[PDB]
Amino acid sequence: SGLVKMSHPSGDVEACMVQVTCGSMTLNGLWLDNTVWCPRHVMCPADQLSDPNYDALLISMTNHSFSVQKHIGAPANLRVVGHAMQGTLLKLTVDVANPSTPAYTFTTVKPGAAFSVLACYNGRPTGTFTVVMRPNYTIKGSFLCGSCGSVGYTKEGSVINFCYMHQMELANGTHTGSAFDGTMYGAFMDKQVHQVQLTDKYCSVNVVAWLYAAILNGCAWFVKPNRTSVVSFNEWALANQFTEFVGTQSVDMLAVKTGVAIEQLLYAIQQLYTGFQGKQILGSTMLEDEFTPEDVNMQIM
């Protein structure tokens, strides 16, 4: 009866959320050890959103320009003792290590990969959901005003990978932000100006996983004997709004558990892209690229 949008348990990340106020601006921050991360446009005045001088605002700030507050669970007094800038991010040093700092890394997500988001307002976690990083380096989330600094992450074993900190909503209801190295996803600009996003594409490898998920659940009308090579598919994909397909051991696993080759689904996808002939697949009349091979392997097992 299909998968669900599964996100990781947010408790590790909840204990890390704080409010950062600078001047007129209030937004969320991520407190790990003696560091609080937050978008650097917390420095920007309300008048100069269109094109800020970020280097002039940082020279203009002091440790006393920033307040940090922890409201949820174990509360604390947090005093900023250093400030620095890293791409589109601020790196605030505070005088207290977070006593609930999880094991963590900073790795950038590539398009098609999924991750959990905790949506916070004024330092208060309010909801969690999962997104996939689209090929145009945007995500389809739920972000209202005040959600900036909200964090995206995945967890593997004991280690959380922080991959995303929320910065802006584009003209469509589409969102984007930074990785924790400071770069913005998509090389968008942290300035209120017109930025036109490239076209969204189908994440071919996640389409295949979803098709495998249908096959494991008894829905296999789309499977035929015919096949399309990875190389033919990747040529057709260039000309049809599809990402290039790179196989992984998670896909291979589904190929094995099912008896249906990757190439059969590559051919299937070329057919289904045109239309479903009025039939459904796992309750959809469209292709589904928002579940990964890892999602399918973990939820149907």
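We number the residues from 1 along the sequence you see.
Between 69-77 and 161-169, it is 69-77 that carries the larger average Cα temperature factor according to the deposited entry. When the C-alpha B-factors of 194-202 and 113-121 are averaged, 194-202 comes out higher. Ranking 264, 249, 35, 26 by Cα temperature factor from the entry places 26 first. Ranked by Cα temperature factor within the chain, residue 254 sits in the lowest third according to the deposited record. Among all modelled residues in its chain, residue 287 ranks in the highest third by Cα B-factor. Among the modelled residues of its chain, residue 145 has a C-alpha B-factor that falls in the highest third according to the deposited record. Residue 3: CA B factor in the highest third of modelled residues in this chain (values from the PDB entry). Among the modelled residues of the chain, residue 301 sits in the highest third by CA temperature factor in this PDB entry.
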